[PDB]
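Below is one structure; the comments refer to it alone.
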Amino acid sequence: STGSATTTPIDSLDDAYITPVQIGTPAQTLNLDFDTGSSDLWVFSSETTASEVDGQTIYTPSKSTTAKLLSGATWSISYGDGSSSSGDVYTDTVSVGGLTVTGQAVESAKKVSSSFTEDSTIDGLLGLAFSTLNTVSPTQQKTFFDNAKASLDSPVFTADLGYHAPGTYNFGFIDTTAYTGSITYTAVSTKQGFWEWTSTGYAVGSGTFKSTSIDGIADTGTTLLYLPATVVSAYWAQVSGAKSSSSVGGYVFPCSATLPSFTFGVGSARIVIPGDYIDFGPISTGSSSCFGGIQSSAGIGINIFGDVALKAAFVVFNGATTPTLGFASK
C-alpha cells in the first residue's frame, strides 16, 4: 500500500505545516502537524479542557464506532520549545492520504499548554520519530509509520515541504518526479530515538565549503535550523547589521537585507538553502528588525535540521531494518 497527502503552511512564514488526517468511523478530519522529532499522535478532543480549546477541530471518540478506550493508558509530553500536553488514549482507524492503519493509538488531550491553545490551525501532532520515544504509559505505543510499515510497498516515507507553498508527505514510495538529480543517502543513529545523522559541512553564500561533521536531527516539527554557534556566527557575519539579541532570543537582522544562501553537506552532496528561506519577518508587527531562520543550538543540546533546511530538499526517511536518510535537491 501507499499514501500521499498534501501538507500546507499554517501561515505566511511557514511556521509549521498541517496535513489532513482521517480518524474514526465515520471519518473525522483533523489537521495535524507531522513531526519527525516526536512519536506521539495526539489530538484536541471532546475531552480537552474547554478553556484550552480556541478554534481547533476536535476528535470526539464517542462519535466513532471504531474507537476503543485503551484502558489505563495515559500520556504526557513536553516539547523542546517548552510546550506540553497530556491525556488518555483510544485506539481507532487512522488514514493519511489513502493509507489506513487500524488500531492506531490516538492520544486524546485532556490538557494542552497555552502555545497549543493559541494556535487555532493545529489540531494535534502526528509523530514520525522512532516509537521508542512514544510517551504512552504503561504500555508504549507505536507511531503511524511503525504500524503501517509492514503493509507499505517500501518501508519509507518522504517529506517534500514547500517554501511559502504546499508540499507532500508520501508513505510507501519514492516519487522520482519530485526531485532533481540523485538522492544521497546517509547513516542514521536511532540511539536517541530521532532521525539523527551527520552533515559533512557547510558553506555561506558563495563561500568555500567547510568540511566538518555536524551531528543533528531531521525534524519536520521544528521551524528553524539550529546549528553550532561557530557556524551560525559565520553565517550572520555576512549580513550587515545582523546581531544576536538576548531580548529577542536569537539572531535578528535588518529587514532591508538581502540574505545569503546556506549550504549543508550530505555525504559528498550539497543542499542549498536560498537566502529568502532564512527570513522569518519582523520580530513584531511593523518592526524593521527581522528574525533569522538560522539560530544557535547552544543550550538545546542537539543540532536540529528543521523546516528551514528540510524544505530545501526532498527528504527520504528510510525505515528499513537499518534506517537511513536520503536528501535530494528539487
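Identifiers in this document derive from the order of the C-alpha cells: chains are assigned A, B, ..., residues are numbered from 1 separately in each chain, and ligands are numbered from 1 in order of occurrence.
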Under the rule of at most 12 Å, produce a per-residue listing of segment 135-254 of chain A near segment 85-98 of chain A: chain, number, name, the closest pair of atoms, and the distance in Å, as JSON lines, using only C-alpha atoms.
```
{"residue": "A:135", "atom": "CA", "partner": "A:86", "partner_atom": "CA", "distance": 9.6}
{"residue": "A:136", "atom": "CA", "partner": "A:89", "partner_atom": "CA", "distance": 8.0}
{"residue": "A:137", "atom": "CA", "partner": "A:88", "partner_atom": "CA", "distance": 9.5}
{"residue": "A:138", "atom": "CA", "partner": "A:89", "partner_atom": "CA", "distance": 11.3}
{"residue": "A:139", "atom": "CA", "partner": "A:89", "partner_atom": "CA", "distance": 10.8}
{"residue": "A:140", "atom": "CA", "partner": "A:89", "partner_atom": "CA", "distance": 11.1}
{"residue": "A:141", "atom": "CA", "partner": "A:89", "partner_atom": "CA", "distance": 9.8}
{"residue": "A:142", "atom": "CA", "partner": "A:91", "partner_atom": "CA", "distance": 11.2}
{"residue": "A:143", "atom": "CA", "partner": "A:94", "partner_atom": "CA", "distance": 11.1}
{"residue": "A:144", "atom": "CA", "partner": "A:94", "partner_atom": "CA", "distance": 8.1}
{"residue": "A:145", "atom": "CA", "partner": "A:96", "partner_atom": "CA", "distance": 10.3}
{"residue": "A:147", "atom": "CA", "partner": "A:94", "partner_atom": "CA", "distance": 10.5}
{"residue": "A:148", "atom": "CA", "partner": "A:95", "partner_atom": "CA", "distance": 10.1}
{"residue": "A:152", "atom": "CA", "partner": "A:98", "partner_atom": "CA", "distance": 11.9}
{"residue": "A:157", "atom": "CA", "partner": "A:96", "partner_atom": "CA", "distance": 11.7}
{"residue": "A:168", "atom": "CA", "partner": "A:97", "partner_atom": "CA", "distance": 9.8}
{"residue": "A:169", "atom": "CA", "partner": "A:97", "partner_atom": "CA", "distance": 8.5}
{"residue": "A:170", "atom": "CA", "partner": "A:97", "partner_atom": "CA", "distance": 8.0}
{"residue": "A:171", "atom": "CA", "partner": "A:97", "partner_atom": "CA", "distance": 8.6}
{"residue": "A:172", "atom": "CA", "partner": "A:97", "partner_atom": "CA", "distance": 11.3}
```
Output of the above residues as a tab-separated table (two decimals), in the first residue's frame, restricted to C-alpha atoms:
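Saved as selection.tsv:
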```tsv
chain	number	residue	atom	x	y	z
A	135	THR	CA	5.14	8.56	25.87
A	136	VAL	CA	2.13	6.29	26.47
A	137	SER	CA	2.23	4.54	29.82
A	138	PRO	CA	2.20	1.78	30.99
A	139	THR	CA	2.26	0.25	27.51
A	140	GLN	CA	4.26	2.23	24.97
A	141	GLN	CA	2.50	2.64	21.62
A	142	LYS	CA	3.70	2.60	18.02
A	143	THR	CA	3.73	5.52	15.58
A	144	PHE	CA	1.51	5.59	12.50
A	145	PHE	CA	4.54	4.82	10.31
A	147	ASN	CA	2.12	0.45	12.33
A	148	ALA	CA	1.85	0.93	8.54
A	152	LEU	CA	3.78	-0.43	2.67
A	157	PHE	CA	8.10	7.97	3.97
A	168	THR	CA	3.67	16.49	0.14
A	169	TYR	CA	4.14	13.63	2.57
A	170	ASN	CA	4.26	10.26	0.82
A	171	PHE	CA	4.22	6.86	2.51
A	172	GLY	CA	5.46	3.68	0.92
```
Quiz item: Which parts of segment 26-83 of chain A does DSSP call helix (DSSP H, G or I) when run on the backbone here, written out as number ranges by chain?
Solution: A: 50-52, 61-63
Practice problem: Name the residues of segment 231-304 of chain A that come out as strand (DSSP E) in a backbone DSSP run; write them as a ChimeraX atom specification. | Solution: /A:243-245,250-254,262-266,269-273,279-282,289-292,294-296,303-304
Keeping only N, CA and C atoms, write those residues as an mmCIF file, in the first residue's frame.
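Saved as selection_3.cif:
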```cif
data_model
loop_
_atom_site.group_PDB
_atom_site.id
_atom_site.type_symbol
_atom_site.label_atom_id
_atom_site.label_comp_id
_atom_site.auth_asym_id
_atom_site.auth_seq_id
_atom_site.Cartn_x
_atom_site.Cartn_y
_atom_site.Cartn_z
ATOM 1 N N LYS A 243 22.809 40.670 14.316
ATOM 2 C CA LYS A 243 23.331 40.533 15.662
ATOM 3 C C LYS A 243 22.491 39.559 16.448
ATOM 4 N N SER A 244 23.081 38.975 17.477
ATOM 5 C CA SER A 244 22.329 38.160 18.408
ATOM 6 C C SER A 244 21.758 39.056 19.492
ATOM 7 N N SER A 245 20.445 38.988 19.650
ATOM 8 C CA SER A 245 19.713 39.790 20.605
ATOM 9 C C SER A 245 19.211 38.906 21.727
ATOM 10 N N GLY A 250 17.570 35.499 19.928
ATOM 11 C CA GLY A 250 18.319 34.943 18.820
ATOM 12 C C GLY A 250 18.793 36.024 17.878
ATOM 13 N N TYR A 251 19.342 35.577 16.757
ATOM 14 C CA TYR A 251 19.839 36.467 15.724
ATOM 15 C C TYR A 251 18.697 37.169 15.013
ATOM 16 N N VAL A 252 18.862 38.484 14.894
ATOM 17 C CA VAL A 252 17.981 39.352 14.142
ATOM 18 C C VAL A 252 18.823 40.067 13.116
ATOM 19 N N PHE A 253 18.167 40.589 12.096
ATOM 20 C CA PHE A 253 18.871 41.287 11.033
ATOM 21 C C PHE A 253 17.976 42.382 10.457
ATOM 22 N N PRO A 254 18.573 43.367 9.788
ATOM 23 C CA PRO A 254 17.757 44.442 9.225
ATOM 24 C C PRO A 254 16.848 43.893 8.145
ATOM 25 N N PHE A 262 22.644 29.331 2.389
ATOM 26 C CA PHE A 262 23.368 28.489 3.321
ATOM 27 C C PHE A 262 23.337 27.099 2.731
ATOM 28 N N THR A 263 24.512 26.502 2.579
ATOM 29 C CA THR A 263 24.638 25.160 2.028
ATOM 30 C C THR A 263 25.002 24.183 3.137
ATOM 31 N N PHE A 264 24.372 23.011 3.160
ATOM 32 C CA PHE A 264 24.824 21.945 4.058
ATOM 33 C C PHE A 264 25.181 20.680 3.281
ATOM 34 N N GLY A 265 26.147 19.938 3.807
ATOM 35 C CA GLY A 265 26.606 18.729 3.160
ATOM 36 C C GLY A 265 25.845 17.491 3.578
ATOM 37 N N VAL A 266 25.595 16.630 2.598
ATOM 38 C CA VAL A 266 25.067 15.290 2.818
ATOM 39 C C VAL A 266 26.017 14.367 2.057
ATOM 40 N N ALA A 269 27.393 15.240 -1.378
ATOM 41 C CA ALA A 269 26.387 16.118 -1.977
ATOM 42 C C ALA A 269 26.131 17.387 -1.171
ATOM 43 N N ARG A 270 25.413 18.316 -1.786
ATOM 44 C CA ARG A 270 25.187 19.624 -1.183
ATOM 45 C C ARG A 270 23.737 20.042 -1.350
ATOM 46 N N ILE A 271 23.141 20.538 -0.268
ATOM 47 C CA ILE A 271 21.789 21.072 -0.327
ATOM 48 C C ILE A 271 21.896 22.573 -0.091
ATOM 49 N N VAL A 272 21.353 23.373 -1.019
ATOM 50 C CA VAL A 272 21.411 24.829 -0.906
ATOM 51 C C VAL A 272 20.093 25.413 -0.418
ATOM 52 N N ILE A 273 20.152 26.084 0.724
ATOM 53 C CA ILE A 273 19.013 26.798 1.260
ATOM 54 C C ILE A 273 19.074 28.233 0.756
ATOM 55 N N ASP A 279 14.561 34.141 6.096
ATOM 56 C CA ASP A 279 13.873 35.344 6.567
ATOM 57 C C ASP A 279 12.558 34.966 7.252
ATOM 58 N N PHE A 280 12.456 35.234 8.557
ATOM 59 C CA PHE A 280 11.218 34.980 9.286
ATOM 60 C C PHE A 280 10.480 36.236 9.694
ATOM 61 N N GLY A 281 10.809 37.327 9.025
ATOM 62 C CA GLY A 281 9.984 38.509 9.068
ATOM 63 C C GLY A 281 10.183 39.345 10.317
ATOM 64 N N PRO A 282 9.463 40.463 10.401
ATOM 65 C CA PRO A 282 9.609 41.382 11.534
ATOM 66 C C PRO A 282 9.406 40.707 12.880
ATOM 67 N N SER A 289 13.300 45.188 12.311
ATOM 68 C CA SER A 289 14.209 44.129 12.729
ATOM 69 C C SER A 289 13.515 42.807 12.428
ATOM 70 N N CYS A 290 14.205 41.942 11.700
ATOM 71 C CA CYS A 290 13.648 40.681 11.221
ATOM 72 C C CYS A 290 14.313 39.510 11.934
ATOM 73 N N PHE A 291 13.543 38.455 12.164
ATOM 74 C CA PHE A 291 14.078 37.272 12.824
ATOM 75 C C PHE A 291 14.721 36.285 11.877
ATOM 76 N N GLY A 292 15.916 35.827 12.238
ATOM 77 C CA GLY A 292 16.665 34.883 11.432
ATOM 78 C C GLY A 292 16.202 33.439 11.505
ATOM 79 N N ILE A 294 18.209 30.836 10.841
ATOM 80 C CA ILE A 294 19.323 30.023 11.315
ATOM 81 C C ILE A 294 19.686 30.561 12.694
ATOM 82 N N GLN A 295 19.679 29.684 13.690
ATOM 83 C CA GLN A 295 19.886 30.083 15.063
ATOM 84 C C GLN A 295 20.839 29.121 15.758
ATOM 85 N N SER A 296 21.427 29.543 16.871
ATOM 86 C CA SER A 296 22.345 28.692 17.597
ATOM 87 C C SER A 296 21.632 27.563 18.325
ATOM 88 N N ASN A 303 21.865 19.590 17.539
ATOM 89 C CA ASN A 303 21.599 20.378 16.345
ATOM 90 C C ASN A 303 20.314 19.893 15.686
ATOM 91 N N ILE A 304 19.562 20.825 15.111
ATOM 92 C CA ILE A 304 18.258 20.499 14.549
ATOM 93 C C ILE A 304 18.135 21.014 13.127
#
```
Quiz prompt | For residue 193 of chain A, the nearest of the candidates A:134, A:213, A:206, A:56, counting only C-alpha atoms | solution = A:134
Self-check item: Pick from A:285, A:8, A:84, A:48 nearest to residue 116 of chain A, counting only C-alpha atoms
Solution: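 Between A:285, A:8, A:84, A:48, the residue approaching residue 116 of chain A most closely is A:84.
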Self-check item: Length of the atom CA of residue 23 of chain A to atom CA of residue 109 of chain A vector [Å]
Solution: 14.6 Å
Quiz prompt | Nearby residues (only C-alpha atoms) at most 9 Å from residue 24 of chain A, same-chain spacing under 3 positions excluded, as a PyMOL selection string | solution = chain A and resi 27-29+59-61+63-67+92-95
Self-check item: Which of A:81, A:160, A:40, A:146 sits closest to residue 125 of chain A [using only C-alpha atoms]
Solution: A:40
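Going from atom CA of residue 133 of chain A over to atom CA of residue 328 of chain A, you cover 27.3 Å.
Each of A:162, A:3, A:241, A:216 was checked against residue 187 of chain A using only C-alpha atoms; the smallest atom-to-atom distance is that of A:216.
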Exercise. List the neighbours of residue 122 of chain A out to 10 Å using only C-alpha atoms; skip same-chain residues closer than 5 positions along the sequence, and give me the result as a list in words.
Key: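 These residues fall inside the cut-off: residues 10, 16, 17, 18, 19, 30, 31, 32, 33, 43, 44, 55, 56, 57, 116 and 117 of chain A.
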Quiz prompt | Spatial neighbours of segment 257-259 of chain A, max dist 8 Å, only C-alpha atoms, sep filter under 4 positions, as a PyMOL selection string | solution = chain A and resi 239-240+253+275-276+278-279
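Here atom CA of residue 211 of chain A is placed at a distance of 22.5 Å from atom CA of residue 311 of chain A.
Proximity to residue 51 of chain A was assessed for A:25, A:256, A:114, A:72 counting only C-alpha atoms; the smallest distance is recorded for A:114.
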